[PDB]
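Protein chains in written order, with the authors' numbering: chain M, 1 to 446; chain X, 118 to 175. Idealized CB from N, CA, C, for every residue including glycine. Notes for the one structure printed next.
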Amino acid sequence: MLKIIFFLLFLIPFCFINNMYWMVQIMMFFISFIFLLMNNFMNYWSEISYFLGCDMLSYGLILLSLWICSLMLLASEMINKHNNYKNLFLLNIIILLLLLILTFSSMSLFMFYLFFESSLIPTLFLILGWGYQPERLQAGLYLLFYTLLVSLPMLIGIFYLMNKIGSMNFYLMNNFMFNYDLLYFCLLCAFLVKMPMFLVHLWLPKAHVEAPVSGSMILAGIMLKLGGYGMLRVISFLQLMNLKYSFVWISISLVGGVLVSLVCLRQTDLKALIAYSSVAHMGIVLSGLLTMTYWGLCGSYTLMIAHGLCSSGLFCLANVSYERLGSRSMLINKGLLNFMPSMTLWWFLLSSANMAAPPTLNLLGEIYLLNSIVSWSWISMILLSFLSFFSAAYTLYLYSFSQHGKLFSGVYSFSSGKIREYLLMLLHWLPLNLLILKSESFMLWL
Amino acid sequence: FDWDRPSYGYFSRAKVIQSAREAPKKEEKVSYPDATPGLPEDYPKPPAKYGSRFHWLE
């Protein structure tokens, strides 16, 4: 994997050299193409460089990270229009990219945690250096301190594990199992905030709402997934303690799911709908994951990947409106079918994927997760039905009201659809259809 | 008695004398067999094992 790492480092200079926004973009896609070629892994750790490995679980996560990290540059061009320090933007993105690769490939838990929490900074740059709302300040406070206030405490659990174990490679922990009843909460809850959990969803709507197209795409596209990837690696040894205290987590996730869907119905902001929607889906992922059954886990991996893709594309849609009609509101945005009908196609498709319409790697997830939960406890079905029902419900409302009603009277002439955005929407969705042909690499990792 | 008054300081000098009691206390050194040892300069130092033996060898 050092091949990728050195490639990114040698891409860093382009940020300094003037007028390299598009040259950087093609390179990031090109290396993604290279990283695609490198694919032979099994469940065992593979490509063991000095301390960097790669695996089913890490391989797809990295590909999504490289994928989304290149799509940033397609998404954001107003930075170039404004000349709003394009150099700092490009440097921030690449720095973030390297951290993600090193986070997902750190074969040590401590190396993993180190890059995991190192990512706190570059994301904060991305919101703050290019935010729009005055809330951008307090939002950054929410994001950083919700994370650090629990992300720091696992640092003790990591060192405690060292003392009782002698290392932090993932295979080594798996050999052992811990049941001290604080190790469990300290690690679990610390990941749950970044997951996030319904009770600590609070920050996430704020972070997305007052963040640029780019930052929001990052926030919903990796950060939530990165929390989950840690879970998949770490719960190997939390089993007994998890079994004793698991009903609480699955309950709040499932209960919170129907609630947050009803929040979506009543919500009146494009980013707020998607933000709450993304929390809902990651609620079900957290559920299947905490089931720990084979079906749950192998499906969780899939739903994280698919959810990240759909959430990004929906954010590009939200950016499109925000960049034409200059206001996030449901009320102002309406009837866009009359102004960008070929775009409303993509609005429908990305909405479709978020409500689990096939052929859709998202959908492939819920079959796996729903099978797991139902097996785990028949009682779940009474809320699983409503959870999916209201899932599709708000997505319908989002698609219709935004695109259907009669136009808005006060709307000042704005340019029409353009190749950058069109290609951006295809690129997020079409792979989301591609993968089903070869889900086995994205479906089997245990 | 025809004795002579000693010098101004005849008793001020040292008195080196013969031994009659013949009881010199014994000159001795203490022995703590279990004192705390360190690493002698002759103890072989094989070059390090497993780098710095730290998290990722570094």
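For chain X, find out if any of its Cβ atoms is closer than 9 Å to the Cβ of residue i; answer yes or no.
i	result
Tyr50 of chain M	yes
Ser300 of chain M	no
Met168 of chain M	yes
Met111 of chain M	yes
Excluding five sequence neighbours on each side, which residues of the same chain lie with their C-beta closer than 8 Å to the C-beta of residue i?
i	result
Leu350 of chain M	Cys310, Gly313, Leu314, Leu317, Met425, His428, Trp429
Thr268 of chain M	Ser329, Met330, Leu331
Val258 of chain M	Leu383, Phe386, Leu387, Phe390
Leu174 of chain X	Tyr167, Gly168
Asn174 of chain M	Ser236, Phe237
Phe178 of chain M	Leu161, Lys164, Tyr184, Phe237, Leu238, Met241
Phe198 of chain M	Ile252, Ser253, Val255, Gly256, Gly257, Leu259, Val260, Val279, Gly283
Less than 7 Å between C-beta atoms, sequence neighbours within five positions excluded: which residues of the same chain meet that for residue i?
i	result
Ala75 of chain M	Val213, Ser214, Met217, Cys316, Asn319, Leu424
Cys189 of chain M	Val150
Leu370 of chain M	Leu384
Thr103 of chain M	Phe112, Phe115, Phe116, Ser119, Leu226
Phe16 of chain M	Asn87
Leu262 of chain M	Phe390
For residue i, which residues in chain X fall below 8 Å Cβ to Cβ?
i	result
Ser108 of chain M	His172, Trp173
Residues in the same chain with beta-carbon distance under 6 Å from residue i, minus the five sequence neighbours each way, listed in chain order, please.
i	result
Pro359 of chain M	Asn433, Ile436
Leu286 of chain M	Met195, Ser253
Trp376 of chain M	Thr291
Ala207 of chain M	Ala139, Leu143, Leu219
Checklist entry - Do the stretch 70-90 of chain M and the stretch 16-35 of chain M touch if we need at least three Cβ pairs shorter than 8 Å? => result yes
Item to check | Three-pair Cβ contact test at 8 Å for the stretch 103-112 of chain M versus the stretch 163-170 of chain M | outcome: yes
Checklist entry - Any contact of the stretch 32-41 of chain M with the stretch 57-70 of chain M, i.e. 3+ C-beta pairs under 8 Å? => result yes
Next on the checklist: Under 8 Å: do the stretch 266-277 of chain M and the stretch 386-401 of chain M share three or more Cβ pairs, one atom per stretch?
Outcome noted: yes
Checklist entry - Three or more beta-carbon pairs under 8 Å between the stretch 229-240 of chain M and the stretch 292-306 of chain M, yes or no? => result When Cβ pairs closer than 8 Å are counted between the two stretches, the stretch 229-240 of chain M is seen to touch the stretch 292-306 of chain M, the count reaching three or more.
Checklist entry - Between the stretch 240-259 of chain M and the stretch 280-291 of chain M, do three or more beta carbon pairs fall short of 8 Å? => result yes
Next on the checklist: Closer than 8 Å is the cut-off here; do at least three beta carbon pairs connect the stretch 401-415 of chain M with the stretch 331-342 of chain M?
Outcome noted: yes
Item to check | the stretch 360-380 of chain M contacting the stretch 288-295 of chain M, beta-carbon criterion three pairs below 8 Å | outcome: yes
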